[PDB]
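>>> this one is an experimental structure. Sequence first:
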Amino acid sequence: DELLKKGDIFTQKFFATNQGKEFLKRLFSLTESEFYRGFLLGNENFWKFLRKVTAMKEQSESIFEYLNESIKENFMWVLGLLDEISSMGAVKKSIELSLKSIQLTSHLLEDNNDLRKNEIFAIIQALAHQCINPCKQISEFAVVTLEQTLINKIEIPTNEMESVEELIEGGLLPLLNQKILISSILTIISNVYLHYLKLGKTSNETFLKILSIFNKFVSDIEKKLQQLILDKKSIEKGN
């Protein structure tokens, strides 16, 4: 009733002051007592209000997952919150803030073994979608971060994930579906195809989707063609 709705009383101008800082400290610290944890974590409207990330000094630097404080369902709302925090940087001070947010999304892969196809693909789609931000500094060290997640934070053989096939044609293709973004977002895929063949974990024709998507666009992509083809036999000669 009072907090979310009434915009005239509670504006950006109000809770930048010390009163607002103490208010947000007490409200976010309310998710520590065992009595109130379940209601606040499970509520939808609380998380909708907690997407109050606008202007700067909105308790914007403070409003992390408390402060990189993970547990130690409902992950889509916090994922969107991290998404908005990371996308806030568009310029002078919040670039490192955004990088810390990207690393927080990287850390999110590890914590809870409760993992499903939709949740994981939401994470990868968010990381790849962060390349769209026009700043180069955020974009390059976002894509290397998503490489780090794809390599060092995923194992294919599970009940909840089959192999790299749907991993390629899942959430990545929304990014592929922007013209100048191809040469990075394909090249990262060219890593992940071959790295898992350090073991040999891909059938002979399972990788054809990458051979399908690359020519699906149509001249750098044509000039990038033979470079993509030639390592297929370097795999044969090694790794």
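Thanks, I have the structure now. Numbers count the residues shown, from 1 in each chain.
>>> what about the nearest residue to residue 171 once chain neighbours are set aside, how many residues close to it?
In this structure, residue 171 finds its nearest non-sequential neighbour in residue 125, 3.6 Å apart by C-beta to C-beta, 6 or more residues apart in numbering. (Each C-beta comes from the backbone N, C-alpha and C, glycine too.) For residue 125, the neighbour count with other C-beta atoms under 10 Å is 19.
>>> other SSEs contacting the helix or strand hosting residue 125?
Secondary structure from DSSP states H and E places residue 125 in helix 117-129. In terms of contacts (3 or more C-beta pairs under 8 Å, 6 or more residues apart in numbering; DSSP states H and E), helix 117-129 is packed against helix 75-88, helix 94-107, helix 136-152, helix 172-176.
>>> follow-up on the earlier one: what about the residue nearest to residue 171, distance to residue 79?
For residue 125, the distance to residue 79 (C-beta to C-beta, to the nearest Å) stands at 10 Å.
>>> and what of residue 179?
Distance from residue 179 to residue 79, counting by C-beta to C-beta: 27 Å.
>>> ditto for residue 172
17 Å.
>>> between the two, which one's more packed in?
Higher neighbour count among residue 172 and residue 79: residue 172, with 22 against 16, using other C-beta under 10 Å.
>>> verify the contact between the more buried one and residue 124 for me.
Yes - counting by C-beta atoms under 8 Å, residue 124 is a contact partner of residue 172 at 7.0 Å.
>>> list the buried residues of stretch 25-33.
Using 16 or more other C-beta atoms under 10 Å as the test for burial, stretch 25-33 gives residue 28.
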